[PDB]
Each structure stands twice: as structure tokens, then as C-alpha cells.
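Before any comments, here is the structure.
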Amino acid sequence: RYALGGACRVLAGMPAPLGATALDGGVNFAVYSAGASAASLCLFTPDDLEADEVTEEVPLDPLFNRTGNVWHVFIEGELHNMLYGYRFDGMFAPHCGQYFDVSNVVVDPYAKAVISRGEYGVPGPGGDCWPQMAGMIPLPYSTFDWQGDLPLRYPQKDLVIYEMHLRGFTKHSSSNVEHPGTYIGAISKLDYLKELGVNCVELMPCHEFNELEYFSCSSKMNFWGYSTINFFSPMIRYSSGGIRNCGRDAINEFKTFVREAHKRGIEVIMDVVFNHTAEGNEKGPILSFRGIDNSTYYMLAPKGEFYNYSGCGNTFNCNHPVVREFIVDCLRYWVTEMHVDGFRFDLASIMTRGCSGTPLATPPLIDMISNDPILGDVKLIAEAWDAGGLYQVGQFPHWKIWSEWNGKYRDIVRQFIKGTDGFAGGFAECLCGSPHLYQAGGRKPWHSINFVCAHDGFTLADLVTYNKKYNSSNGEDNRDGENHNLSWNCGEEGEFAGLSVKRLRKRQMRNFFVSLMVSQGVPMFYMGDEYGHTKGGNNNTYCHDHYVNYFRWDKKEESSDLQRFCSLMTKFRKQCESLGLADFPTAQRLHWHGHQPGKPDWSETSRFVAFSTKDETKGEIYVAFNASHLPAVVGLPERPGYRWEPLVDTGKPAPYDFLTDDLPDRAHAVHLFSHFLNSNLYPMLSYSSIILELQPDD
Amino acid sequence: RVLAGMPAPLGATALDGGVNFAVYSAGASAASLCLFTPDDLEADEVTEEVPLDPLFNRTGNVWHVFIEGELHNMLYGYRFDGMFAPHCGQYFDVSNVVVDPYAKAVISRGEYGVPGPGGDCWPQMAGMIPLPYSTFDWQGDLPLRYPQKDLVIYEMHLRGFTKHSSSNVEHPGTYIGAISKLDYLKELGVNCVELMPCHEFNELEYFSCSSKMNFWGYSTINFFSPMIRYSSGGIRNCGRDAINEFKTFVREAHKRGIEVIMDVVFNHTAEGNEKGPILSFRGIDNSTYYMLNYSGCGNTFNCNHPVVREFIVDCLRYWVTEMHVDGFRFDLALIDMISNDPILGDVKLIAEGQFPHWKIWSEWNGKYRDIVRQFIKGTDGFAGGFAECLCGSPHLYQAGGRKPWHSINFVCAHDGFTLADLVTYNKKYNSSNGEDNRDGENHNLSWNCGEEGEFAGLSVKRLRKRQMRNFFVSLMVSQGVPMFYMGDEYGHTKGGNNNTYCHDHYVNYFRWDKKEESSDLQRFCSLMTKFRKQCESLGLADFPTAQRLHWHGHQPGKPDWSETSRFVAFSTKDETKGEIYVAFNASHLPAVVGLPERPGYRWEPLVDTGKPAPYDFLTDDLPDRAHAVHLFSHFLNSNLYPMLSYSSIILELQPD
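Residue numbers (UniProt numbering), protein chains in the order written: chain W, 87 to 442, 462 to 803; chain H, 95 to 386, 394 to 434, 470 to 488, 499 to 802.
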């Protein structure tokens, strides 16, 4: 046949590879739809797509343009300036699970760019929020230069992770970047992270999503982005190019980001959400999979009701034979072409469920992922829990590869440092990387990702300022977010407290950071914790394109003492050999002390934890935490012929809370405590911690 | 020409040109006046003798003789005789020549430690004939009359003060050798200097027996005469130069603002019992002047007798008016007479709660020394006693109608361990006294701070420095009059010997060499003396009241008086520093102590005996003071302070 006025020949094509692929002076399209009775290929143009008008349509022959359940067609010519979609026909029965309709033009799941809008937060032509979408037709060749980029391949034990929101990182006016809120605005700030000690960035979801899902209903916005439309394409409204050049520019922008990050020694880990899609339940848009083969992609009940183990309306059928191949191809695409270094899986315990619902001991999807020759060399971090009731923390089909977030760490550290009884043994266990959870099954201490604050919940500053949540601007009447925050307002609630309360809060924040940085495992903290970012007591800000979610670069200058403390702690962890251990610590390296050396207090009323550990580069170090409300003079280990020299004391005023060989009068400061240090003594305030280093006494 | 004579004065005087000699006796049936020439006295020959008539030259029991002429270059004695019955109580003998009890000078020897011809330790003595006119210029003088509550007494031995070769003085070990160093004392803050006995005494009294010498000088021959062998002139000019040199000292001291308190011993004399030579008293009236052994010397001076009482009163008046002495100490101590005398009533009378008071007689507080030595070293049950001592011992003096400044506080003296020995030795080492280490106090209440002796570790030495500073702080914050002993301010040590009465050796000298090596302790002591004399609360005229003095423990307002308590803290309301907080930690464990809460104010470090010098006492002369306070501001802001074991601290309340 012919497609465009006789210029393009139409042929049978090939059923693989799926998607649209350029070759042989033409483009081959292939899709999978088992339940379709008729299919046609729709072609738009940039001008007609913004009219909801199809410029061309090629009907597909069920005989010569279908192999098995895979429709395919080859069109000769240069279509790389056009956008495409599919029209399917067939059975329609919501109560049976069929959602075919000829009036809808759907987007290929394998499309590498989805073009519907170019401006963030700006409705469509006439106040619309769900305009027509179309996918990008590839080009015969690539148009990006990597400049010899190669994988960094850091050992996971050497990582310090930083969780970043791409828009909120530079969208505040104080960022003073050329393109605030985009992939290029982020690049100008990468050196800052490099000086902070960060060598790994975790991006919050940067896959195509609609920020205007809720805008029509209640004028809210999907700021965080945990509702994905397509998985092969980056968010085009996080780029400066926009829909320009059919989206190719946006792709290159993302690539640019990654490349630059590798030239500063920073790795990029993508946050992916495969457990649900933007299409919602039966009352929602038909953009994608639902319109192609619903029964194949979504997990339904026998009566046609969608299984909802995420709270978002549906549940992706992760373990179905086709869905597993789709997911593996997504991951390999993001690794081999966008040069990503690893992935984080949100609500990971939905990929371990049956393709009905029943948790699987050896899920096929995890099996394929961990056995892949390409995905075996990249980091895989799992947030092992879901909204249905599963908590696979410590028990996850890890295959001796998968890492995992540690929420027990968060709870234990929060309660201990706030001053709860019965948490000294748990805190001591946390400081060693939880051997009882990861050593038994054959995993190393660095398979645990440690954190005390994330994007969901109180920030580090709110953790020491508010007893309760204040989610009133969310519009839910406080009926949202965590109810048990394990926080302490340090004696007076709100930001307007006395000077003693403020000093105590500063001590507490420094104590949390020290706990993170001296523990075995991979530390992680959310952007803005290094300078005390606050959200006003709101622990669930999923819908605020407001300054509360933005990095405040002006406030970073007012609190640069805390930033200095945090960067110095990261440097110290990097230097100390004993803090990045590959294996679990042993009783021959690590010793536990109490108020007196060698006499730990593991009882239920204990609120003091101290240890000392040998080190090949620093000789030996001593760390202590006093979470009681009364000060104490503690005795230090006896080391004939050596002396303990102070390094870190969170109770002292800056810059003396961390001593470096840049202070003009460090020796005088040490001398004025020498009369305690010579006796192997050290006085400590309530709610503090100290780090000392052993040096030759000569 | 020999004339009759008159009873008054009971001595020798140059009035009525000529000399009138009068002597009281009770059994002198024969009496004559011997006159010696100094060259003849050296040869032990009498060059003149004037017999006295029992009727023409005697009124009642007083012999008289008046000689018209010039005897200014002549010495004298008496040929008294009468009943001789040692087994009955009489010691009259004409063959011997005695010295007038009221003689102002005694001329036997002129070089300290150098015996007479053929090694004679007891050569013949004679008295000096006075002049009818004065010879010394006071350059204008008047009593300083300091209130006794404002004193800081410094006990010094005259010879040992500037006899060591490191003193670098023109006349080491004399009266005029210590005048140079008086300025040094003024730098320490000494308001008063107390002299160990400077009456005429024989340093070779028992040198013939064994080989020991008498160094301290607690044995008196003449009560009117200064020690001539402590002067550069010696016997020159009949000794009248010596009496002037002493005066010079007093004068110069009064020009530095320092008073002079004289240590007197009227409870025994060098006469011995019946074995030593008869110098005076026994050869005139051995009954009136002696109680025919409670002093430990061999005799007592019969304080209770009208003749003896008048003698003592006249001696004290002579010293006060002729020599301008400001006060007296009475060893091992008539009383009403002295206290009611027109002149001696305004003199500072100090006696070594049981001694008659009359609201005048101060006392050496020997109970203070025992309690303070036992609290500071660490001992159970002394928290209450220590707190009592800090308030001037009300239970001893307030009850009797006295004042806190009638208590003389000390922890060290000339007998016993020095300050450095209290923290160095646990036993006494008197084997150098040649008495089988049996002569000496056995209950020293000391502690070697761990290892005993001068060769210990570093921690022991640090603890010793802390302990010495703690003792001095204890002294300087207490209500009463503090006293120190020569050399404590730099760590003088006797080598463990707590009784050096018989050593004219470097152990009894002021080692000016060492004071240049322990200058940090001297700095601390001088600064503490400055601190005491500025505060109003530390020199109170009346006992502290509950309205101004408050007692604290590890927590403000919660003192621990139990038998396990080893921590004492208080705060006082001042009017020149606002308010001061003092704390003592005699426990072996460090401690963080909470300070009293004062809205709108903050406590600022002043004294901390655990810190290294010069930061053990903060002063504006220290350029780093602000940074040092800043580095403890994080404890100070919350009303906390960390303390080492065995340490004390002083803080001031500032409007911050």
C-alpha cells in the first residue's frame, strides 16, 4: 500500500523488537494486544496534535500485519518529525475487564517521549488537564556525545546518598540559575554537592507524569510525582527544551545531566514506581495499557474489581509474563542508553506478589532482574513494604544482591536520641549495621540504607520542633500522614522558643547527623537537612508546589555552621577506614564502654552508649552519646603512652563543635581542656555526643 | 661620787647626771655594783666595785646606788649575796656576777654561732649603761592602727629569712638584711609580720652538750634586750647600735604599711632548773621570779606575783612605746592588768575559747587547723565542721561574746609539717634531730597524695599542686584573720622533718632560689590575698547571717551534711562584686555542679585550682581571658560547672 500520498510504502514488518524502531530507510512499529480485534496506526504532526486531529491513519491487516498477539507494520520514509499512536477495537465490558474503544488513540508503552504539554502547571487548550498525547518516532542515529563517559562503579560501601527533588532543588529564586527547576538548572549546583561529600544522588520520580491530575477536582498538584504515565520517557516539563523537537531535546537534556554528574564523581540512581499507573481505577483516564490490553497489565479480581494494594486505585501486574519483559526492558534501556547507575523501587513488596496476590518466595520478576547480565552490575534498592500490610524489611527475596531501606533504624534512632528508655541495646545494634537482619541471610552491613528523615514525614528540623503533625493545608482535615512521629519539641512547641530550647535543638540535630555518619551501612539524608529545612510541621506535603518543598538557598547561608558540620562529618567518614567496613565489625576491633571504660549499661534505664574502635589510619577513635537529661563526666579508655585528643563535641559553639587544622587557635582550645584530658576524663552536657582520636603522647 | 639613790626606776637611768641603779630583792643581805670595761669584760675581770649600805642605800627591799659621773662606755652587774640553800630555795653567791633584769642590752658575744675563748659557750655577761638622750630618728612615725579584721599575718624567722646565699643582701641573716625584702612582702599582700623570738638568747645554750644549736630561740635571758647577734654591729658601741638597728627595721616596715607583732615568751627562762649558769633572776631573787615544770624548759616565771606582774607590764610598755611594737604573741597562753592598762589595752594581744577573754585577747585557732586538714584530704564527718570553720567558728567565739576576727586561722606554723609536706609525706622524719625520731608531732593529718616522697608520678604532683592551692583558698575565704608561715607561698619543704628547732641549715632558710622556680604558686597566693582584701563578705566584722550566706550542694539550696558528704559550697552577697559562689570538692570523683539560678545574670569563672597556670586565676593582665571564658560558656550558660576531684572554684555573678 502507501501511507502518505504514495511517498511511503507500507509493508508487513516484524513483531520484534517492540515499540518503534528506525532501520532499512524506514520505521518498524510493533505492539502487543491479545484482546484486540482490529488495530490501526495513527500519525499526527506537531500542529495537528494540538488540534486533536489525526493527520494520517494506516489500517492493519489481521493476516499480514499480525503475528500471534503482536501487531506490526513497516512504513518506509522519514517520519522522525511526526508523532504516532494506536487505535484498537474489540470487546467492552468493565464488569468483565475489557476496555476497548475505537474513539480513543492510545500511546505506545515503548514510546521514548510523550508529547502533550510544554509548561509546568499550565492547563491545556481551554482549561483542559488531559489533552491528547502522542509518542516520538525515532531517528536512524543518535545525536549525543558522551565524551568517553564510563560507569564509575563505586563499591556500595563507599557511598553517601542524597535524595533530591529535581524541580525543588533549584526552583526557588535564591538559586540564581539560568533555568530554575530543570535538568540544566541542577547542573550548575552539582559542585555544591561535591563539596558536601555526596557521591551519589537519588532522583525522585523523573518519569512522565501529570502534575494536573487533581487540579480539576480540588486545585491541587501532584508535586512529588508518584503516578507514572510512561516508563521509557523522562518528564518533559522538567526540561528547558519542552516539547520542542518532538521531545528529543528533553532526552538530551537528561543525558547531559547524567554525563556532568559523572565528571564530578557523582552517581545517579533513579526512583521508579512500577506498582501503579496514572490511569487510576475504573473511573479514570485511558492513556495507555488499559486501552491496549487491560487484562494483561492490571491485576483484577474475578468480578472485574481492581486489586488496590497501593491506595492509588490499581495495582500493576508485575509478575505477568509480558509485564516482566516490559519492566526488564525499561531497566535495561535506562542503563544502557541513559547511563544510569541504579534504581530505587517504591513500595517494593508488590513485585513479590502473585500475578492473580499471594506473596512469592522466589518471584519470577526479581529472578529475571537479579539474573540479568546487565542489571546485575547496578545498584538495586528496595523499599520493602506496601499499603496492604506487608513489611518485608529484613526478609526480602534479595538473591544476595538487593539492598534495602531500614525503617527499624529510623524508629530506634529517633526514640533513643529523643530520650526513650529501653533503646540502648537497639541503638548499639543499629550502630553496627543490624547484623541480626543482614548477617544471618548472607548479606553485608552495607546492604542497609540508613536514614532518619525522608521526603515523607518530618524533616530534621521539624523532628526536634513539633510533637504532632500540622497537615491542615492539605485539605484532609489532618486525616493524613503519620500519626506516630516519635518527635520531641525539646520542651516548647513551635519555632518561637527560648534560647535554651534552641541550643538544645541544635545539639539534637548534630546528634542525629553524627549517629548517621558513624554507623555501619550506607547513610542517606533528604535535601535541605544539612541546613535545617522546615516544612512548618506538615509531614505530608505531596501537593504543594510552594516554597515549603523548595531548597532555600538563602536560608542555607544563615545556617552555614550546620552545613560545615555536616560536610566535615562526611569527610571524616570518608577518611576513617573503620567506618566503611565491607564485613560486620568484630569484637576484636570494636569495644563497648559505659560511664566507665569497659562497663556498658544495657539495662532498661540506660541512656548512654559509647564505643571505641581501632583504625589503620587514625590509630583508634572513641565515640559517645549521652541522651540523658543530666550532664556527666565520663572516663576514657586507658592507653599507656598515648592521649585522647578532642575532635567533635556537639555541645560546643561553632566553629569549635568540630576542630580542624584551619582554626587559628586549635591548640589553645585543646590546652584549656587538657586538665581533664590528662586524667582520661571528659565532661558532657545532657543530650550530646563526642568523638575523640588517640594520638601518641609525645 | 657615790650617793644614796631612789627607788624609781627599778633599773638603770641616766637622769640627774650620773646613773641611778635600783634592784628589788628578797634575801640579798649583801649587795654591791660591779663595773666592767669591755676589754676587761672579755678577760673576765672586774674593774670597779661600789659596796651598798644596808641602811643608807636601801629602802624596804630595794637596793639603790647613784654614781655621779659618766659611765656611758661601761658595763655593769651585781655582787648580790645572802642565804645559799639550793635544797631550800636560795641561790645567793657573791662570787658570781649577775645581769640586771631591766638591763636594755647584754654584751657577751658578737658573732652568731661563734663561741668565746677556748670554745666557751657561757662567757661572762654584763649590762649596758644607758644614755640620757635619744639617738634614733623615726623620721616621723605614728601607729598604723589597722583593724584586726583586715590583717594577713606572715610568720617569719629573722635569720632564716635572708641567710641563704641566694638572698643577695649586704648583711645576710640580720635585722638590716630583711629591710630590703620588705617590699617583696608588700607584694604578697602581707599586712602584718610576726617575728619569732628576737629577745637576747644564747644560740649555743646546749652546744657543749652534743653538738646541736638553738635556732628558733624559745629561751629568753633578758626581756628588754634585742638579740645582738642578729645585728651587724654586734657588741659594737656597748650594743647600743644593735638596739637602733632593730628600731630601723620597725621604722622601715611601718613605711611599707606593715605592722610588727613580737613573739614573747614569759612562761620560762634560760636559767634552767639548778644546773645552768646564773645569768639573772636566780642570783637576785630566785623565789619571787620563779615558781619553786609546766613550760617544758625546766622552770616557770611565776606570772602571779605583784613584782613579776609589774615587771611584765613594764617590759611590754617599754617595747610598745620605746620600740613602737604594734602587738604581742604570748607563747603557751596579770591578764586583767594588761588588758586594762591605758597603753597595753590598745595593743594587739594574741594568745596561743578557754583562755580569759576580756573581749581583747585573740586566740590561735588550733581546732581550725585540725578540721581543715582533714576535710581537704578527704575524710568522713567533717562537712559540718568545715562549714563552721568557714564562718569563723561561731560556736567558740559568738557564744563567749567575741568576734570572728578574734580567731587566728592557720594550717601551718613553724612547728609541724610545712604546706608542701602536708601533701607529700604521711610519716614524720625527725631522725636528723638525733632523738631516734621520737621528738615530734605524731598526728599530722597529712596525705602523700598517693606515692610518698618527692619522687612520684605526674598525676601525684598535679594533685599536690591542687591540694596546696585548695588549702590557701580555704584560708583566704574564711571569716577571721589568716596567718601563713615563711615559705609556704612557694612550696617550702623541711624534707619530712616536722621539728627543726636545732638546725641552722638550709632547711630553715628562705630558699630565694626556689621561689623563682615555683613562681606560679606565689602568683596564685598573691592574687588570692588581693581577692580577700577587695571583697566585703570575706572580712566581716560580725558573724555571717542567714540573709547573706547561703549553703548549696551539688544542687543549689540542697547541701549534704551527712557523714558521707565531701562537698561544701556556699554563695555570699557582696557589695563590690555583687555575689560570689565558692565550692570545695574533696571527693575523689569529678562532678558537674549546678549553680544558683539568677534571672538576668550569669556566673563567670574566677578561680579554678585544677587548671594549669596562669589559668588557675584569671586576671585582666591575661590577654586570653575572654577566649578562655568563651570555651566554657556552653556549660556556664546553663548554670553548670565541671570540677575535678580535690579541687575548689570561685565564681562571680555578673549582669549578663
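Even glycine gets a Cβ: it sits at the ideal position worked out from N, Cα and C.
- Residue range 747-754 is occupied by the beta strand (DSSP E) that includes residue 754 of chain W.
- The Cβ atoms of residue 532 of chain W and residue 431 of chain W lie no closer than 8 Å to each other.
- Between the segment 696-706 of chain H and the segment 642-656 of chain H, the count of Cβ pairs shorter than 8 Å is below three; the stretches do not touch.
- Contact note: residue 602 of chain H does not reach chain W at a C-beta cutoff of 8 Å; the least C-beta distance is about 15 Å.
- Cβ neighbours of residue 166 of chain W within its own chain (closer than 6 Å, five residues either side excluded): 223 and 225.
- Ranked by Cα distance from residue 197 of chain W, the first of W/285, W/367 and W/416 is W/416.
- Listed along chain W, the residues sitting closer than 8 Å to residue 786 of chain H by beta-carbon distance are 736 and 790.
- Exclusion of the five residues before and after residue 323 of chain W leaves 206 as the residues of its chain whose Cβ lies within less than 6 Å of its Cβ.
- Pairing residue 285 of chain W with residue 735 of chain H, the inter-Cα distance amounts to about 47 Å.
- Along the segment 766-782 of chain H, going in chain order, the ones with a CB nearer than 9 Å to a CB of chain W are 770, 773, 774, 776, 777, 778, 779, 780 and 781.
- Three or more Cβ pairs drawn from the segment 271-289 of chain H and the segment 244-252 of chain H lie within less than 8 Å of each other, which places the two stretches in contact.
- Counting only the Cα atoms, residue 339 of chain W lies some 38 Å from residue 496 of chain W.
- Secondary structure note for residue 169 of chain W: its beta strand (DSSP E) is the uninterrupted segment 169-176.
- Residue 91 of chain W carries a coil assignment under DSSP once its states are collapsed to helix, strand and coil.
- Taking residue 379 of chain H as the centre and dropping the five residues before and after it, the same chain places the C-beta of 119 and 120 closer than 6 Å to its C-beta, in chain order.
- If you draw a straight line from the Cα of residue 697 of chain W to the Cα of residue 662 of chain W, it is about 39 Å long.
- If you compare the alpha carbons of W/201, W/262 and W/377 with that of residue 337 of chain W, the shortest gap goes to W/201.
- With respect to the 8 Å criterion, residue 112 of chain H and residue 150 of chain H are not classified as neighbours on the basis of their beta carbons.
- With its beta carbon at least 8 Å from every one in chain W, residue 571 of chain H lies outside the interface.
- Considered as a whole, the segment 476-501 of chain W harbours 484-487 as its complete beta strand (DSSP E) runs of no fewer than 3 residues, in chain order.
- The beta carbon of residue 690 of chain W sits closer than 6 Å to the beta carbons of 537 from its chain, once the five residues preceding and following it are set aside; these are given in chain order.
- Between the C-alpha atoms of residue 512 of chain H and residue 347 of chain H there is a straight-line separation of about 28 Å.
- Using beta-carbon distances, residue 605 of chain W counts as an interface residue toward chain H, with a partner under 8 Å.
- For residue 555 of chain H, the secondary structure class from DSSP, reduced to helix, strand or coil, is strand.
- Around the CB of residue 765 of chain H, fewer than 16 other CB atoms lie within 10 Å, so the residue is classed as exposed.
- Around the beta-carbon of residue 404 of chain W, 16 or more other beta-carbon atoms lie within 10 Å, marking it buried.
- Within chain H, the residues placing a beta-carbon under 7 Å from that of residue 757 of chain W are 780, ordered along the chain.
- Residue 306 of chain W sits in coil when the DSSP states are folded into three classes, being neither helix nor strand.
- Residue 266 of chain W sits buried, since 16 or more C-beta atoms from the chains shown fall within 10 Å of its C-beta.
- By the criterion of a C-beta distance shorter than 6 Å, residue 655 of chain H is surrounded in its chain by 254, 257 and 258, once the five residues flanking it on both sides are discounted.
- Note that the C-beta distance between residue 753 of chain H and residue 726 of chain H is not below 8 Å.
- Annotation: residue 776 of chain H is outside any beta strand (DSSP E); the continuous alpha helix (DSSP H) that includes it extends over 771-776.
- The beta-carbon distance between residue 628 of chain H and residue 427 of chain H, rounded to whole angstroms, is 18 Å. This is too long to meet the 8 Å contact definition.
- Around the beta carbon of residue 433 of chain H, a 10 Å sphere encloses fewer than 16 other beta carbons of the protein chains shown; the residue is thus reported as exposed.
- Beta-bridge analysis with DSSP links residue 714 of chain W to W/730.
- Interface residue (Cβ-Cβ distance to chain W less than 8 Å): residue 761 of chain H is classified as such.
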